[PDB]
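Participant: So here's my_file20.cif, just mmCIF, C-alpha atoms and all ligand atoms:
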```cif
data_model
#
loop_
_atom_site.label_atom_id
_atom_site.label_comp_id
_atom_site.auth_asym_id
_atom_site.auth_seq_id
_atom_site.Cartn_x
_atom_site.Cartn_y
_atom_site.Cartn_z
CA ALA A 1 6.49 7.00 -24.09
CA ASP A 2 9.38 7.44 -21.66
CA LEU A 3 9.37 7.08 -17.87
CA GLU A 4 8.17 10.63 -17.19
CA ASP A 5 5.28 10.27 -19.66
CA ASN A 6 4.19 7.05 -17.95
CA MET A 7 4.33 8.82 -14.57
CA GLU A 8 2.05 11.54 -15.90
CA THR A 9 -0.43 8.93 -17.13
CA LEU A 10 -0.41 7.42 -13.63
CA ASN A 11 -0.95 10.78 -11.91
CA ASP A 12 -3.64 11.94 -14.35
CA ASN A 13 -5.69 8.76 -14.24
CA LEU A 14 -5.68 8.75 -10.43
CA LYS A 15 -7.63 12.02 -10.72
CA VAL A 16 -10.08 10.58 -13.26
CA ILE A 17 -10.82 7.66 -10.90
CA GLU A 18 -11.35 9.95 -7.93
CA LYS A 19 -13.76 12.06 -10.03
CA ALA A 20 -15.50 9.09 -11.68
CA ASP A 21 -19.28 8.73 -11.60
CA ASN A 22 -19.47 5.02 -12.53
CA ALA A 23 -17.33 1.89 -12.39
CA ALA A 24 -16.81 1.77 -16.18
CA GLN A 25 -15.11 5.17 -15.94
CA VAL A 26 -12.87 3.75 -13.20
CA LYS A 27 -12.14 0.67 -15.35
CA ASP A 28 -11.03 2.76 -18.35
CA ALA A 29 -8.56 4.77 -16.27
CA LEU A 30 -7.21 1.72 -14.44
CA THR A 31 -6.65 0.06 -17.83
CA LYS A 32 -4.51 3.01 -18.93
CA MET A 33 -2.66 2.93 -15.60
CA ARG A 34 -1.87 -0.75 -16.07
CA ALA A 35 -0.24 -0.08 -19.44
CA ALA A 36 1.77 2.90 -18.14
CA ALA A 37 2.97 0.85 -15.17
CA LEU A 38 4.28 -1.98 -17.37
CA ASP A 39 5.90 0.53 -19.74
CA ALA A 40 7.54 2.30 -16.78
CA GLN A 41 8.77 -1.05 -15.45
CA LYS A 42 10.99 -1.36 -18.56
CA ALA A 43 12.76 1.97 -17.95
CA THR A 44 15.92 2.76 -16.01
CA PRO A 45 15.32 5.73 -13.70
CA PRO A 46 17.89 8.55 -13.57
CA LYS A 47 18.79 7.76 -9.96
CA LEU A 48 19.73 4.15 -10.86
CA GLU A 49 21.42 5.17 -14.12
CA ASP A 50 24.89 4.18 -12.92
CA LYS A 51 24.08 0.73 -11.52
CA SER A 52 24.03 -2.68 -13.16
CA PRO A 53 20.82 -3.61 -15.04
CA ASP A 54 20.89 -6.81 -12.94
CA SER A 55 21.50 -4.86 -9.72
CA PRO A 56 19.31 -5.57 -6.67
CA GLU A 57 18.11 -1.95 -6.84
CA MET A 58 16.90 -2.36 -10.40
CA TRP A 59 15.07 -5.56 -9.48
CA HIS A 60 13.46 -3.82 -6.51
CA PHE A 61 12.44 -0.94 -8.77
CA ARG A 62 10.86 -3.35 -11.27
CA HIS A 63 9.09 -5.29 -8.49
CA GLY A 64 7.48 -2.07 -7.24
CA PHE A 65 5.53 -2.01 -10.52
CA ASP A 66 4.50 -5.65 -10.11
CA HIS A 67 2.83 -4.77 -6.83
CA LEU A 68 1.24 -1.64 -8.31
CA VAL A 69 -0.21 -3.73 -11.16
CA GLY A 70 -1.50 -6.25 -8.62
CA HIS A 71 -3.42 -3.44 -6.90
CA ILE A 72 -4.61 -2.09 -10.27
CA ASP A 73 -5.83 -5.61 -11.12
CA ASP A 74 -7.65 -5.88 -7.77
CA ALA A 75 -9.40 -2.58 -8.42
CA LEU A 76 -10.28 -3.72 -11.98
CA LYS A 77 -12.03 -6.73 -10.43
CA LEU A 78 -14.30 -4.38 -8.45
CA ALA A 79 -14.77 -1.90 -11.30
CA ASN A 80 -15.87 -4.60 -13.72
CA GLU A 81 -18.54 -5.63 -11.16
CA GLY A 82 -20.19 -2.19 -11.04
CA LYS A 83 -18.83 -1.42 -7.54
CA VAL A 84 -17.74 2.16 -8.18
CA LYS A 85 -17.18 3.21 -4.56
CA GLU A 86 -15.19 0.09 -3.73
CA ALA A 87 -13.06 0.37 -6.87
CA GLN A 88 -12.36 4.01 -5.98
CA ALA A 89 -11.30 2.98 -2.47
CA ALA A 90 -9.10 0.25 -4.01
CA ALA A 91 -7.40 2.82 -6.27
CA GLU A 92 -6.65 4.92 -3.18
CA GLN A 93 -4.38 2.07 -2.02
CA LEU A 94 -2.05 2.87 -4.95
CA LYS A 95 -0.92 6.20 -3.47
CA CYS A 96 1.35 4.69 -0.80
CA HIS A 97 3.15 2.63 -3.42
CA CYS A 98 3.64 5.75 -5.54
CA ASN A 99 5.19 7.30 -2.43
CA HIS A 100 7.36 4.34 -1.42
CA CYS A 101 9.00 3.96 -4.80
CA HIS A 102 9.63 7.71 -5.03
CA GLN A 103 11.24 7.80 -1.58
CA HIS A 104 13.92 5.39 -2.82
CA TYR A 105 14.18 5.97 -6.61
CA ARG A 106 12.71 9.34 -7.75
CA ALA B 1 -9.14 -7.46 22.20
CA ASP B 2 -10.66 -4.07 21.51
CA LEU B 3 -9.69 -1.79 18.65
CA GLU B 4 -7.59 0.64 20.72
CA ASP B 5 -5.55 -2.16 22.30
CA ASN B 6 -4.79 -3.58 18.85
CA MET B 7 -3.68 -0.09 17.72
CA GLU B 8 -1.38 0.15 20.76
CA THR B 9 0.21 -3.15 19.73
CA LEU B 10 0.75 -1.93 16.12
CA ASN B 11 2.16 1.39 17.37
CA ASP B 12 4.49 0.02 20.06
CA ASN B 13 5.84 -2.83 17.92
CA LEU B 14 6.75 -0.49 15.07
CA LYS B 15 9.06 1.21 17.57
CA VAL B 16 10.40 -2.17 18.74
CA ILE B 17 11.28 -3.01 15.12
CA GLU B 18 12.95 0.39 14.64
CA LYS B 19 15.30 -0.29 17.56
CA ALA B 20 15.93 -4.02 17.06
CA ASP B 21 19.24 -5.38 15.75
CA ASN B 22 18.56 -9.01 14.76
CA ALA B 23 16.01 -10.99 12.79
CA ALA B 24 14.37 -12.76 15.74
CA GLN B 25 13.38 -9.48 17.44
CA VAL B 26 12.02 -7.99 14.19
CA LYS B 27 10.13 -11.19 13.36
CA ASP B 28 8.69 -11.44 16.87
CA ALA B 29 7.45 -7.85 16.76
CA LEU B 30 6.06 -8.24 13.23
CA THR B 31 4.24 -11.42 14.32
CA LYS B 32 2.45 -9.56 17.14
CA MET B 33 1.49 -6.80 14.68
CA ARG B 34 0.04 -9.35 12.28
CA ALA B 35 -2.29 -10.79 14.93
CA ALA B 36 -3.36 -7.36 16.20
CA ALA B 37 -4.29 -6.25 12.69
CA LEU B 38 -6.32 -9.40 12.03
CA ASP B 39 -8.19 -8.82 15.31
CA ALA B 40 -8.69 -5.09 14.62
CA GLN B 41 -10.32 -6.01 11.30
CA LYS B 42 -13.24 -7.49 13.27
CA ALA B 43 -13.91 -4.25 15.16
CA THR B 44 -16.31 -1.40 14.50
CA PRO B 45 -14.50 1.95 14.84
CA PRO B 46 -16.37 4.65 16.80
CA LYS B 47 -16.69 6.85 13.70
CA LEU B 48 -18.66 4.04 11.99
CA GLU B 49 -20.70 2.69 14.92
CA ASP B 50 -24.05 3.83 13.47
CA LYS B 51 -23.25 2.40 10.01
CA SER B 52 -24.66 -0.79 8.58
CA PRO B 53 -22.41 -3.88 8.91
CA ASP B 54 -22.11 -4.00 5.09
CA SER B 55 -21.76 -0.26 4.38
CA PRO B 56 -19.03 0.87 1.96
CA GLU B 57 -17.18 2.51 4.85
CA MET B 58 -17.02 -0.75 6.81
CA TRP B 59 -15.92 -2.51 3.62
CA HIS B 60 -13.16 0.07 3.27
CA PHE B 61 -12.19 -0.27 6.94
CA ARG B 62 -11.88 -4.05 6.70
CA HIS B 63 -10.05 -3.96 3.39
CA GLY B 64 -7.36 -1.70 4.89
CA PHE B 65 -6.38 -4.44 7.33
CA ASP B 66 -6.20 -7.00 4.52
CA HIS B 67 -3.77 -4.64 2.80
CA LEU B 68 -1.73 -4.03 5.94
CA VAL B 69 -1.55 -7.72 6.85
CA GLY B 70 -0.16 -8.52 3.40
CA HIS B 71 2.65 -6.02 3.78
CA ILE B 72 3.48 -7.27 7.25
CA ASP B 73 3.80 -10.67 5.56
CA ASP B 74 6.26 -9.15 3.08
CA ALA B 75 8.33 -7.73 5.94
CA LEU B 76 8.12 -11.09 7.74
CA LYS B 77 9.57 -12.73 4.64
CA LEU B 78 12.53 -10.31 4.64
CA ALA B 79 13.14 -10.97 8.34
CA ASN B 80 13.05 -14.75 7.76
CA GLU B 81 15.70 -14.21 5.04
CA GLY B 82 18.07 -12.52 7.50
CA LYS B 83 17.65 -9.12 5.78
CA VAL B 84 17.12 -7.22 9.02
CA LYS B 85 17.60 -3.74 7.60
CA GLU B 86 15.37 -4.43 4.59
CA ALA B 87 12.66 -5.68 6.98
CA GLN B 88 13.02 -2.61 9.18
CA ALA B 89 12.59 -0.41 6.11
CA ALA B 90 9.49 -2.37 5.08
CA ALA B 91 8.05 -1.99 8.58
CA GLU B 92 8.59 1.80 8.55
CA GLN B 93 6.85 1.84 5.15
CA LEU B 94 3.74 0.39 6.82
CA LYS B 95 3.16 3.85 8.34
CA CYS B 96 1.77 5.11 5.04
CA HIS B 97 -0.92 2.41 5.10
CA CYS B 98 -1.66 3.16 8.77
CA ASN B 99 -2.07 6.87 7.89
CA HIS B 100 -4.32 6.08 4.92
CA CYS B 101 -6.92 4.32 7.06
CA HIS B 102 -6.55 6.93 9.82
CA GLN B 103 -7.32 9.86 7.51
CA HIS B 104 -10.73 8.24 6.95
CA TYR B 105 -11.72 6.49 10.18
CA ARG B 106 -9.53 7.44 13.15
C1 LIG C 1 8.65 2.78 -8.81
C2 LIG C 1 8.36 1.45 -8.74
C3 LIG C 1 7.52 3.81 -9.02
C4 LIG C 1 6.18 3.69 -8.82
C5 LIG C 1 5.38 2.49 -8.27
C6 LIG C 1 5.56 4.95 -9.19
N1 LIG C 1 6.55 5.80 -9.61
FE1 LIG C 1 6.31 7.83 -10.12
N2 LIG C 1 8.26 7.99 -10.41
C7 LIG C 1 9.19 6.96 -10.33
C8 LIG C 1 10.47 7.49 -10.76
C9 LIG C 1 11.78 6.70 -10.83
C10 LIG C 1 10.31 8.78 -11.09
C11 LIG C 1 11.44 9.69 -11.60
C12 LIG C 1 11.42 9.73 -13.14
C13 LIG C 1 12.43 10.75 -13.59
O1 LIG C 1 12.82 10.72 -14.77
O2 LIG C 1 12.85 11.60 -12.76
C14 LIG C 1 8.91 9.12 -10.87
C15 LIG C 1 8.31 10.35 -11.08
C16 LIG C 1 6.97 10.62 -10.96
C17 LIG C 1 6.34 11.87 -11.30
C18 LIG C 1 7.11 13.08 -11.84
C19 LIG C 1 7.23 12.91 -13.36
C20 LIG C 1 8.25 13.88 -13.92
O3 LIG C 1 7.94 14.59 -14.91
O4 LIG C 1 9.38 13.94 -13.36
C21 LIG C 1 5.01 11.76 -11.07
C22 LIG C 1 3.93 12.83 -11.29
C23 LIG C 1 4.76 10.43 -10.57
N3 LIG C 1 5.98 9.76 -10.51
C24 LIG C 1 3.53 9.92 -10.21
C25 LIG C 1 3.29 8.64 -9.78
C26 LIG C 1 2.02 8.11 -9.31
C27 LIG C 1 0.73 8.97 -9.20
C28 LIG C 1 2.21 6.81 -8.97
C29 LIG C 1 1.17 5.80 -8.40
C30 LIG C 1 0.01 5.55 -9.02
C31 LIG C 1 3.61 6.49 -9.25
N4 LIG C 1 4.23 7.63 -9.71
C32 LIG C 1 4.22 5.25 -9.08
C33 LIG C 1 8.98 5.67 -9.90
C34 LIG C 1 7.76 5.14 -9.54
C1 LIG C 2 -7.84 0.91 9.30
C2 LIG C 2 -7.85 0.12 8.21
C3 LIG C 2 -6.57 1.08 10.17
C4 LIG C 2 -5.29 0.68 9.93
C5 LIG C 2 -4.70 -0.09 8.71
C6 LIG C 2 -4.49 1.10 11.06
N1 LIG C 2 -5.30 1.76 11.96
FE1 LIG C 2 -4.69 2.74 13.69
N2 LIG C 2 -6.55 3.38 14.03
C7 LIG C 2 -7.64 3.02 13.27
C8 LIG C 2 -8.83 3.52 13.96
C9 LIG C 2 -10.27 3.33 13.44
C10 LIG C 2 -8.44 4.14 15.07
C11 LIG C 2 -9.35 4.84 16.11
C12 LIG C 2 -9.63 3.84 17.22
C13 LIG C 2 -10.55 4.48 18.22
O1 LIG C 2 -11.28 3.73 18.92
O2 LIG C 2 -10.57 5.74 18.31
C14 LIG C 2 -7.00 4.08 15.15
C15 LIG C 2 -6.24 4.62 16.16
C16 LIG C 2 -4.89 4.45 16.29
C17 LIG C 2 -4.04 4.94 17.36
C18 LIG C 2 -4.53 5.78 18.55
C19 LIG C 2 -4.81 4.85 19.72
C20 LIG C 2 -5.43 5.68 20.82
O3 LIG C 2 -4.94 6.81 21.08
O4 LIG C 2 -6.43 5.20 21.43
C21 LIG C 2 -2.78 4.54 17.11
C22 LIG C 2 -1.50 4.79 17.93
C23 LIG C 2 -2.79 3.76 15.88
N3 LIG C 2 -4.08 3.74 15.41
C24 LIG C 2 -1.68 3.19 15.28
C25 LIG C 2 -1.68 2.47 14.11
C26 LIG C 2 -0.51 1.92 13.46
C27 LIG C 2 0.91 2.12 14.04
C28 LIG C 2 -0.90 1.30 12.33
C29 LIG C 2 -0.06 0.56 11.25
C30 LIG C 2 1.12 -0.01 11.53
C31 LIG C 2 -2.35 1.41 12.24
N4 LIG C 2 -2.79 2.13 13.35
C32 LIG C 2 -3.14 0.90 11.23
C33 LIG C 2 -7.66 2.33 12.09
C34 LIG C 2 -6.58 1.78 11.45
CA CA C 3 -17.59 13.39 -11.55
CA CA C 4 6.88 -4.67 -18.19
CA CA C 5 -8.27 6.80 22.17
CA CA C 6 -7.01 -9.61 0.20
CU CU C 7 0.04 -2.69 -1.23
#
```
Please rewrite the model in this file as structure tokens.
Ligand code: HEC
Ligand code: HEC
Ligand SMILES: [Ca+2]
Ligand SMILES: [Ca+2]
Ligand SMILES: [Ca+2]
Ligand SMILES: [Ca+2]
Ligand SMILES: [Cu+2]
Facilitator:
Amino acid sequence: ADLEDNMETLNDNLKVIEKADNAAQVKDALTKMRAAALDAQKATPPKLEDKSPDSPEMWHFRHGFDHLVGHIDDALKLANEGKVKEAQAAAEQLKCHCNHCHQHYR
Amino acid sequence: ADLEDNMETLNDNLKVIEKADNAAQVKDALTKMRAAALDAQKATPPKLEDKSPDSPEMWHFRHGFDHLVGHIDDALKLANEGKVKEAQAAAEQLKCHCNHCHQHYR
């Protein structure tokens, strides 16, 4: 899986969560999102292609996924406790971090 | 202070940060925003005034201010590091979290 594949996993599983009817369904999608986020974190995006791998921009790109995973982990906490509505609200917090990374790096 | 006053403080201090030039001004404005958000978290918005104090909507409302306060902390860290422009960009990025809560409860 390359960066664009991971991004499709992220987008698709956001829909699953929004449509979910129980917290286990939210947990399964969040689990897939966690794996796609850590895979994506290893990639170099086209826009940063001609910068150093140790560049500040690349570290800021990679840290964006750390914060996304932190939010995914926080929602997994709620999902694993049967709190489907609260886990769905927690997953809604991801959207702004999707947007903020894209603004700078997509 | 009441909810609307706290929102005025968040709104006006975002514009202060936009127009500042040095770290002290950005940190001072971010500090006021942090306290206003922590106070707002205690409020009941008009759209939820006939809800139960533990309803999922009030949970969601309160959790939005936890999220916002954490990102103000991140911008405060950048200001304390002398990265004025990075902190101004982080402050402008708060607007997405503001909008998220608004779409639901403003
Ligand atoms: C940086 C830290 C990112 C975060 C967090 C998220 N995304 Fe992303 N996204 C990022 C880049 C660099 C790119 C460009 C990849 C490229 O090769 O051009 C993208 C792109 C997308 C796309 C389009 C995929 C494509 O085929 O081009 C989608 C649908 C997408 N991103 C969705 C998405 C969602 C829903 C996110 C949050 C859960 C999210 N992304 C986070 C960088 C980053
Ligand atoms: C919920 C988690 C919120 C977050 C985060 C932010 N705001 Fe907000 N805002 C919220 C509510 C419930 C309301 C309605 C208050 C009411 O009594 O009607 C508002 C309203 C505003 C307003 C309008 C103020 C007015 O005209 O009376 C502004 C200008 C505003 N909010 C700004 C704002 C900013 C700049 C925020 C982030 C930096 C922000 N809000 C976060 C709920 C929530
Ligand atoms: Ca369904
Ligand atoms: Ca990784
Ligand atoms: Ca008003
Ligand atoms: Ca918290
Ligand atoms: Cu966040």
Participant: Per residue of chain A within 12 Å of ligand CA 3 (chain C), record the nearest atom pair and its distance in Å to one decimal, counting all atoms listed in the file, with rows in chain order and ascending residue number, as CSV.
Facilitator:
```
residue,atom,partner,partner_atom,distance
A:15,CA,C:CA3,CA,10.1
A:16,CA,C:CA3,CA,8.2
A:17,CA,C:CA3,CA,8.9
A:18,CA,C:CA3,CA,8.0
A:19,CA,C:CA3,CA,4.3
A:20,CA,C:CA3,CA,4.8
A:21,CA,C:CA3,CA,5.0
A:22,CA,C:CA3,CA,8.6
A:23,CA,C:CA3,CA,11.5
A:25,CA,C:CA3,CA,9.6
A:26,CA,C:CA3,CA,10.9
A:84,CA,C:CA3,CA,11.7
```
Participant: Report, as AutoDock Vina command-line options, the axis-aligned box around all atoms of region 81-84 of chain B present in the file, extended by 4 Å on each side; give centre and edge lengths in Å to one decimal place.
Facilitator:
```
--center_x 16.9 --center_y -10.7 --center_z 7.0 --size_x 10.4 --size_y 15.0 --size_z 12.0
```
Participant: Just checking: using all atoms listed in the file, which residue out of A:74, A:50, A:81, A:28 ends up closest to chain B?
Facilitator: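 Among the listed residues, the smallest separation from chain B belongs to A:74.
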Participant: Rounded to one decimal in Å, what is the spacing between CA of residue 2 (chain A) and CA of residue 88 (chain A)?
Facilitator: 27.0 Å
Participant: Using all atoms listed in the file, which of the listed residues (A:58, A:1, A:37, A:101) sits closest to ligand CA 4 (chain C)?
Facilitator: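 Among the listed residues, the smallest separation from ligand CA 4 (chain C) belongs to A:37.
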Participant: For a quick check of understanding, using only C-alpha atoms, which of A:13, A:30, A:60, A:65 has the smallest distance to chain B?
Facilitator: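 Among A:13, A:30, A:60, A:65, it is A:60 that comes nearest to chain B.
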